[PDB]
Amino acid sequence: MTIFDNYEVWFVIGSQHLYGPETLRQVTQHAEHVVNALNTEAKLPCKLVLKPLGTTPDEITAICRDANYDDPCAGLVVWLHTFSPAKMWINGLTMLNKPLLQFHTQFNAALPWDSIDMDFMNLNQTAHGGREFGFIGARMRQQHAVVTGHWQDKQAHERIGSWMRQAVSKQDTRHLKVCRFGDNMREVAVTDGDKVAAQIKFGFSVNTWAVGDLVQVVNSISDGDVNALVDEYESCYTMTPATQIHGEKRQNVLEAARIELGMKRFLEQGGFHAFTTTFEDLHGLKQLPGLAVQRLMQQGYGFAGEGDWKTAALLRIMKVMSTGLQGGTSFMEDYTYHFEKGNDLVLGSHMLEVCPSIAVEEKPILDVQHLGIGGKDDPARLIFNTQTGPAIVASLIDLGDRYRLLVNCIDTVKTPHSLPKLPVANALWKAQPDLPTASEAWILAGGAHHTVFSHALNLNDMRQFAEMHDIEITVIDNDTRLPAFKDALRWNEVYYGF
Amino acid sequence: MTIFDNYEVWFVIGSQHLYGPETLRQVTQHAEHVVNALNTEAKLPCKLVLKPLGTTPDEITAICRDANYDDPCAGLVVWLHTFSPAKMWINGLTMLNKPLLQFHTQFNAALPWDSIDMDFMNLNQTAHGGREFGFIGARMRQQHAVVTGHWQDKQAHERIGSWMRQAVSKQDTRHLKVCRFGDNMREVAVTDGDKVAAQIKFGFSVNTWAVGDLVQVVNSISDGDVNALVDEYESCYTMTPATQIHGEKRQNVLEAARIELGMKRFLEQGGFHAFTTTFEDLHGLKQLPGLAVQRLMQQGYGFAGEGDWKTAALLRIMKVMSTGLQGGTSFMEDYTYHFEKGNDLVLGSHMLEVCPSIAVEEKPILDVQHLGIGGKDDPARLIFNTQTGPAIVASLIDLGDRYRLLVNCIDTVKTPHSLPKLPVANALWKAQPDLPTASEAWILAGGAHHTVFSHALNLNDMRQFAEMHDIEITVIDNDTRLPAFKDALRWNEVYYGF
Amino acid sequence: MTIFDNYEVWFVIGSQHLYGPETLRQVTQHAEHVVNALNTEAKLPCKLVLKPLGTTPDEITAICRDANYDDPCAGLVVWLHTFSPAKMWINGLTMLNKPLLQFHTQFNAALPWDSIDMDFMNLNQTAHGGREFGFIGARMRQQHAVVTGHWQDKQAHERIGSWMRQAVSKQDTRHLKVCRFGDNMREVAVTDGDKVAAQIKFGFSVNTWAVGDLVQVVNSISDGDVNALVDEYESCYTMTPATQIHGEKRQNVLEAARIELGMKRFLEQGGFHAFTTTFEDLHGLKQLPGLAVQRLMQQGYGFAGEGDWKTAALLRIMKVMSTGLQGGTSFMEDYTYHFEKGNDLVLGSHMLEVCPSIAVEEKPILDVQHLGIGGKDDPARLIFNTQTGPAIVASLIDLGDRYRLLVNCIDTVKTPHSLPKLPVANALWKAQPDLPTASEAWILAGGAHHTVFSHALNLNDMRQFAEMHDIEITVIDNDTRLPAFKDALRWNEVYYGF
Ligand SMILES: [Mn+2]
Ligand SMILES: [Mn+2]
Ligand SMILES: [Mn+2]
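Residue numbers (PDB author numbering), protein chains in the order written: chain B, 1 to 498; chain A, 1 to 498; chain B', 1 to 498. A prime marks a further copy of an entry chain.
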């Protein structure tokens with residue numbers, strides 16, 4: 001059912017004819033054996049298709065050429081069962097659009113001390129065949145990945161599997177379409193940037209439909225379709241008295257529903273995966289989309305507030321990326337602090353748009369709905385608490401000449417006293433290593449007030465993403481120390497400054 | 001005896017023409033003591049020749065003129081006795097083509113508290129005088145190693161001699177001559193490169209003589225001389241049943257012996273110090289040089305397989321580097337692996353060519369050969385085990401615009417079982433910090449399958465080597481971590497990308 | 001029959017739906033009309049295949065994806081009949097392996113002053129639609145070409161056609177295989193270099209077979225096949241008395257013939273397009289290949305003397321490139337000068353290997369054959385004079401970090417007195433602007449003694465090649481003036497020094 005099922009990774013084996021052609025026939029036995037046992041037992045994010053052996057230049061070019069042409073081909077994992085003169089690969093590697101991982105593995109785990117002979121020695125020579133390959137890729141500054149490990153090693157499966165994840169994320173982004181409903185909040189910098197650069201670098205496109213284009217779909221929906229969706233609320237969520245049938249703010253639940261249907265139909269018919277809104281342009285909408293934006297985020301779409309295409313895009317990438325994983329992933333603003341010796345905290349939220357995928361409960365749908373901001377009707381919104389434990393918050397910023405991705409490892413924690421006046425969903429966390437330093441470093445390194453929160457993905461996941469896209473990663477966890485942190489900033493600046 | 005008897009290090013001393021033939025003659029006295037003290041007591045790689053005092057610019061410029069012209073001057077060791085304003089050193093240091101080391105030292109291991117005068121402070125004042133000199137070395141951006149200590153210091157003797165050792169290596173490489181017998185294995189990358197560039201940088205030359213040429217010399221050796229060498233094989237090694245008289249492959253031993261004599265004679269007359277071969281071009285040679293190659297490696301000749309001049313030269317270099325040290329140093333190629341929790345191992349070896357320099361025993365010689373590779377006669381070889389202990393493998397790769405020296409720290413270990421069918425000698429080691437990262441880090445950095453294995457030389461030797469040549473040293477050892485390693489590869493790329 | 005017939009160029013029209021879909025239908029009428037009239041009447045180097053209109057992002061990605069996959073697709077020529085929002089093209093353009101030329105043309109030549117209206121105005125808006133496209137390509141630093149001109153403009157056809165030429169040259173080079181028969185003349189720099197860099201940058205591969213591998217094929221040929229080829233000589237060429245049946249050097253014509261057959265069979269069975277020899281390794285050959293190398297160059301193969309793969313490669317590229325053109329293209333060494341007020345000259349040649357494609361006559365096959373060099377039998381060689389008029393000489397050199405292509409516009413001229421002792425073919429020329437300055441500049445800018453001479457190609461042809469491959473071109477013709485010439489060298493050095 002998932003987008004992972006719309007891709008497969010190619011298992012290419014490198015060798016040469018020198019010994020052959022029955023020395024090849026063993027190689028093929030191994031490959032087919034390792035491919036089946038992985039597809040069967042290694043619980044990897046998507047499928048491995050074994051291609052015919054690459055033992056000549058033309059065979060290797062062929063495979064890369066094919067890999068570029070096949071839209072499901074998300075990456076290559078190459079095993080060099082033997083020596084494989086690396087010049088053979090050059091012409092293929094210079095046309096390759098798809099990512100590559102060397103699986104520096106071997107058929108046997110134990111070296112058969114008592115039996116080993118030259119036949120053996122000259123078969124399963126990945127020990128050196130993998131190093132010849134290492135070189136050309138390094139020589140070309142072509143970022144190839146490596147996992148060393150025996151082919152049944154479950155630790156390897158993970159790192160292999162974790163890489164397959166990024167391959168698919170990289171190709172989905174190459175089709176991701178953000179639909180903004182208006183422009184950036186006036187006078188705001190971070191949420192602005194060069195959209196051309198984004199689509200060049202990342203392949204996702206951002207383009208603006210009039211709020212009025214939406215309003216038209218938003219107004220067109222049938223009551224039959226509205227009251228249907230109104231039922232799915234009462235089913236799913238705790239309705240606060242104000243929200244119930246005879247409640248003075250029932251009518252506002254109707255307007256929420258339609259804005260959900262309206263946005264969903266516009267977004268499906270447009271073929272979109274993400275979107276923005278701006279409270280400075282809600283002409284023809286009854287209320288700022290809250291409930292609707294929250295549920296569309298649960299249903300999968302990327303979103304960010306006030307025109308913020310980068311963060312909205314990012315959310316969608318990290319959701320997709322998170323498929324099959326234990327948690328969350330939500331848009332998030334760092335809203336307010338709690339200061340105390342030992343217990344410094346952040347509380348995250350926005351005006352309304354907090355995704356219910358990181359919640360732990362059955363979730364109230366109250367109004368208590370004054371939003372002076374926007375200047376519209378009291379909006380519907382889901383109110384909830386965020387799950388505990390170790391998360392991350394990611395901010396992608398545009399330094400103008402390049403992008404930088406900041407990640408701050410964090411730990412959600414339970415609110416000690418509850419928030420009875422606060423009509424928004426919360427997320428409360430301690431920022432590794434500690435607020436003052438965590439905040440300082442983030443601020444030092446730019447990094448928006450807009451972030452993507454996530455329980456399901458982590459730092460190592462994001463490190464591979466940063467690699468896969470060739471961008472700087474600015475990491476802020478417990479190891480962070482400002483003198484070193486600053487040096488890195490400088491040294492990365494020169495490096496990525498080409 | 002050995003090549004360290006060819007070279008010398010000059011012992012220059014720095015003061016000003018002002019003032020006091022006493023003071024200025026009084027200083028001459030100490031340099032004559034420390035030098036004589038060091039030359040009999042210190043056990044340094046080669047002698048220290050004291051030179052007349054650098055008091056004026058012209059004298060320093062002369063000292064440099066001579067130091068450049070004198071082909072056994074391996075470098076200057078400089079100690080700044082009184083105080084020698086560095087503007088005097090300019091014209092000299094500017095022309096100085098031989099390496100320099102500031103031995104930053106005093107007269108006198110401790111301090112006269114009641115016996116201190118201005119007459120004393122006039123003369124012998126390296127504390128400040130030494131610093132001024134570092135400045136100009138830094139300003140001009142020259143190397144200038146510095147060792148600080150009291151001359152009588154055991155630790156400081158050690159430090160200076162290791163430098164002296166490198167200084168001499170630098171000079172020997174200048175005259176090093178590789179001789180290639182055929183070209184690279186077809187379609188191979190790591191072992192190709194720009195010979196012109198290497199000769200510019202390190203000064204070693206690489207030029208190829210026809211396989212046909214060698215054959216002419218091999219086909220010329222007298223049966224008398226051939227037989228005589230075999231008498232040396234009987235006495236050196238453990239001749240296997242087939243190897244000895246009435247042996248089924250006794251002639252293969254003679255042919256090997258003939259080859260070795262021809263190859264030797266050839267190399268000697270052409271004044272060569274290293275060589276390569278290629279199994280793809282052996283026309284006129286009865287079998288692929290194995291035993292011949294091994295004993296020649298053991299006698300001091302650098303070599304590396306299938307046309308690999310870089311590694312071949314590096315072997316010769318490191319072999320000379322290691323002179324007067326306990327331990328082996330060999331050509332080596334990661335051949336296969338043993339994956340076992342806690343005990344990941346690499347079996348090193350080559351087709352035939354491994355140096356008995358690194359062996360534990362009196363070596364067995366066998367034929368049990370059938371080398372499918374090439375397609376020649378069952379060739380002779382020395383089978384043996386590699387010693388137990390700390391070692392390094394090193395590779396010099398050409399990245400197009402610059403060279404990179406990779407060195408992995410390792411620890412060789414007893415084969416836990418005999419290897420009865422392995423027709424070749426072996427090395428066996430655990431890689432620091434562990435196989436997967438050891439291997440992965442090397443692949444990320446490129447780094448040949450061909451390496452120079454050494455028991456005698458260490459990371460520190462190679463560190464100075466890399467500094468001495470201004471090449472990047474990539475270091476894989478117990479302290480390695482992939483995030484910092486990767487960072488260093490990027491931050492170095494832009495440093496040395498100049 | 002020619003390799004041009006194995007490729008086609010794609011004619012892609014960019015537009016958008018804004019007006020459509022019958023506004024598109026006109027666009028298609030135009031495109032089909034312009035494609036037919038060009039394929040019919042424009043005598044272009046190869047075929048134009050009109051692809052379906054690109055009016056959306058997915059359609060544009062599709063076309064580029066297809067262009068990469070189709071091996072005959074040599075380049076794209078895009079016409080922007082209307083405005084074509086350039087973001088649509090980004091994702092296609094970021095995957096494109098093939099070269100692109102914008103044909104900034106229009107359907108009508110004259111603006112129909114009296115009739116023009118908005119319908120018209122908004123159709124045929126290439127005036128601005130072409131500038132939107134210009135931008136993205138410029139923004140991406142993607143070297144796209146442009147010819148502006150009406151679509152019937154014959155001057156345009158040329159510049160379009162001239163570009164199509166380079167597209168095909170660029171793809172052939174991506175399959176060109178040099179087969180060296182040995183290594184570089186010892187101690188020679190220019191002919192040496194980094195073969196990995198070449199195959200990366202250019203896609204042609206260079207790899208060394210043993211002279212003995214050839215000798216085996218060289219010796220295997222049948223007399224029936226030898227004497228057959230001996231007849232084709234007497235037919236084609238003037239046989240000097242020494243060369244005739246009872247001539248004392250007839251036997252040497254037999255050995256020439258076999259070396260021709262032998263080299264031709266080895267080269268066809270290897271699938272090669274170019275080759276080198278080295279006189280320092282002719283073990284098993286009767287005489288240095290002269291006659292044979294000359295005729296194989298006429299038949300099409302690239303060649304250069306003494307191991308020189310770059311120049312041999314280049315020759316083959318410039319021959320292929322020259323298909324369908326008036327002249328020549330030959331390997332060439334600048335052999336000797338004539339100095340005289342007003343009449344300074346160069347005479348070009350090699351020991352033997354001068355291609356008879358630039359000759360004007362029926363061509364003597366004498367021996368007068370002492371070649372002390374090589375140390376072999378008196379060789380057969382064709383002796384001839386070169387055609388008059390404006391030519392070029394191209395040298396591709398490896399500056400180590402990058403390549404530079406030098407071109408010197410020259411003018412062949414008739415020898416005033418004849419060369420009765422000189423047993424080699426001549427080419428005599430004046431080097432624009434004049435020997436002293438022409439020689440100086442060439443020497444200043446490096447540039448080998450080995451060149452490719454050519455009557456058929458020129459400077460503008462080579463300028464597009466240099467562009468198509470992104471390398472420096474150092475031009476030396478009449479406009480050349482050393483102060484400016486030097487400045488350019490410096491300014492290009494910084495630019496291409498990334
Ligand atoms: Mn906000
Ligand atoms: Mn090898
Ligand atoms: Mn020549």
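Just so it is clear, CB atoms sit at the ideal spot from N, CA and C, and this is done for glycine as well.
So who's on the other strand from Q102/A, going by DSSP bridges? Taking the first residue of the second sequence as 1, we reach residue 102/A at position 102. DSSP lists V78/A and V146/A as partners of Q102/A.
Quick one: does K98/B have its CB under 8 Å from some CB of chain B'? Residue numbering aside, residue 98/B sits at position 98 when the first sequence is read from its first letter. No, its Cβ sits nowhere closer than 8 Å to a Cβ of chain B'.
Quick check: the Cα distance between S115/B' and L123/B', rounded to an integer number of angstroms? Numbered from its first residue, the third sequence carries residue 115/B' at position 115. Numbered from its first residue, the third sequence carries residue 123/B' at position 123. Roughly 14 Å between the two C-alpha positions.
Specify whether the segment 308-325 of chain A and the segment 177-193 of chain A touch according to this definition: at least 3 beta carbon pairs, one from each stretch, less than 8 Å apart. Yes, the segment 308-325 of chain A is in contact with the segment 177-193 of chain A.
Output needed in chain order: residues of the segment 198-210 of chain A with a Cβ under 7 Å from some Cβ in chain B'. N207, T208 and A210
Mapping the DSSP letters down to three states, classify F4/B as helix, strand or coil. By one-based count along the first sequence, residue 4/B stands at place 4. Residue state, collapsed to three classes: helix.
Check whether the Cβ of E306/B' sits closer than 7 Å to any heavy atom of ligand 3, and report yes or no. Walking along the third sequence from the start, residue 306/B' turns up at place 306. For ligand 3, at least one heavy atom lies less than 7 Å from the Cβ of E306/B'.
Which residue or residues does DSSP assign as beta-bridge partners of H338/A? Along the second sequence, one-based indexing puts residue 338/A at 338. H338/A is bridged to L345/A.
Short-range partners of chain B found in the segment 122-153 of chain B', where Cβ spacing is below 8 Å: So the close ones are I136, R139 and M140.
Quick one: does the C-beta of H350/B sit closer than 7 Å to a heavy atom of ligand 1? Residue numbering aside, residue 350/B sits at position 350 when the first sequence is read from its first letter. Yes; taking the cut-off as 7 Å, the Cβ of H350/B has a heavy atom of ligand 1 nearer than that.
Given that a residue counts as buried once 16 or more other Cβ atoms are within 10 Å of its Cβ, and exposed if not, what is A138/B'? The count along the third sequence starts at 1 and reaches residue 138/B' at position 138. Result: exposed.
Give me the subset of the segment 65-89 of chain B whose CB atoms are less than 7 Å from a CB atom of chain B', sorted by chain position. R65, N68, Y69 and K87
Near-chain B' residues of the segment 415-426 of chain B (beta-carbon distance less than 8 Å), N- to C-terminal order: none
Against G400/B', what residues of chain A qualify as contacts under a CB-to-CB distance less than 9 Å, listed in chain order? Stepping through the third sequence from its first residue, residue 400/B' is reached at position 400. Within chain A, the C-beta atoms nearer than 9 Å to that of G400/B' come from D194, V196, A197, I200, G400 and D401, in chain order.
May I ask you to report which of helix, strand or coil DSSP gives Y69/B'? Numbered from its first residue, the third sequence carries residue 69/B' at position 69. Three-state DSSP puts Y69/B' in a helix.
Exposure of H469/B', with buried meaning 16 or more beta-carbon neighbours within 10 Å: Numbered from 1 along the third sequence, position 469 holds the residue referred to as residue 469/B'. Counting every other CB atom within 10 Å of its CB across the protein chains shown gives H469/B' a total of 16 or more, marking it as buried.
DSSP three-state assignment for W113/B, whether helix, strand or coil: Here residue 113/B refers to the residue found at position 113 of the first sequence. Reduced to three states, the DSSP call for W113/B is coil.
Would you call the CB atoms of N68/A and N97/A closer than 8 Å? Locating residue 68/A in the second sequence gives position 68, where the first residue counts as 1. Locating residue 97/A in the second sequence gives position 97, where the first residue counts as 1. Going by C-beta atoms, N68/A is nearer than 8 Å to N97/A.
Where the beta strand (DSSP E) containing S395/B' begins and where it ends: The residue given as residue 395/B' occupies position 395 in the third sequence. Residues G389 to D398.
Against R174/B', what residues of chain B qualify as contacts under a CB-to-CB distance less than 7 Å, listed in chain order? On the third sequence, position 174 is the one that residue 174/B' refers to. Residues of chain B passing the Cβ test: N91.
So who's on the other strand from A292/B', going by DSSP bridges? Sequence index remark: in the third sequence, residue 292/B' carries index 292 (1-based). DSSP output for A292/B' lists no bridge partner at all.
Any heavy atom of ligand 3 closer than 7 Å to the Cβ of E333/B'? Here residue 333/B' refers to the residue found at position 333 of the third sequence. Yes, since a heavy atom of ligand 3 falls inside the 7 Å radius drawn around the Cβ of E333/B'.
Distance cut-off 7 Å: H283/A Cβ against heavy atoms of ligand 3: Counted from its first residue, the second sequence places residue 283/A at position 283. No; taking the cut-off as 7 Å, the Cβ of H283/A has no heavy atom of ligand 3 nearer than that.
Is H450/B' near ligand 3, going by C-beta to nearest heavy atom under 7 Å? The residue given as residue 450/B' occupies position 450 in the third sequence. Yes; taking the cut-off as 7 Å, the Cβ of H450/B' has a heavy atom of ligand 3 nearer than that.
Please confirm whether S162/B has its beta-carbon closer than 8 Å to some beta-carbon of chain A. Looking up residue 162/B in the first sequence gives position 162. False, the Cβ-Cβ gap to chain A never drops below 8 Å.
Starting from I410/B', follow its DSSP beta bridges and name the residues at the other end. The residue labelled residue 410/B' in the question sits at position 410 within the third sequence. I410/B' is bridged to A391/B' and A431/B'.
Secondary structure at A304/B, three-state DSSP: helix, strand or coil? Against the first sequence, residue 304/B aligns to sequence position 304. In this structure, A304/B counts as strand in the three-state DSSP scheme.
Of the residues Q106/B', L100/B' and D192/B', the one placed nearest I136/B', counting alpha carbons only: If you number the third sequence from 1, residue 136/B' lands on position 136. The option with the nearest alpha carbon to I136/B' is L100/B'.
What is the residue span of the alpha helix (DSSP H) that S205/B' lies within? In the third sequence, counting from the first residue as 1, residue 205/B' sits at position 205. Segment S205 to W209 is the beta strand (DSSP E) holding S205/B'; no alpha helix (DSSP H) there.
Return the CA-CA distance between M88/A and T82/A, expressed in angstroms with no decimal places. Walking along the second sequence from the start, residue 88/A turns up at place 88. Walking along the second sequence from the start, residue 82/A turns up at place 82. Each residue's Cα considered, the two are about 14 Å apart.
Please report the straight-line C-alpha distance between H283/A and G372/A, rounded to a whole angstrom. One-based indexing of the second sequence puts residue 283/A at position 283. One-based indexing of the second sequence puts residue 372/A at position 372. Near 16 Å, if we compare the C-alpha coordinates of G372/A and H283/A.
I'd like the span of the alpha helix (DSSP H) that includes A156/A, first residue to last. By one-based count along the second sequence, residue 156/A stands at place 156. Note, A156/A: alpha helix (DSSP H), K154 to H175.
Distance, Cα to Cα, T2/B' vs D172/B'? For the purposes of this step, residue 2/B' is taken as residue 2 along the third sequence, with counting starting at 1. For the purposes of this step, residue 172/B' is taken as residue 172 along the third sequence, with counting starting at 1. Answer to the nearest angstrom: the Cα atoms are 12 Å apart.
For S418/B', report the span of its alpha helix (DSSP H) as first-last. Taking the first residue of the third sequence as 1, we reach residue 418/B' at position 418. Note, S418/B': premise wrong, no alpha helix (DSSP H); not H, not E.
Return the residue from the list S395/B', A304/B', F279/B' and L314/B' that minimises the CA-CA distance to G203/B'. By one-based count along the third sequence, residue 203/B' stands at place 203. Nearest option by C-alpha distance: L314/B'.
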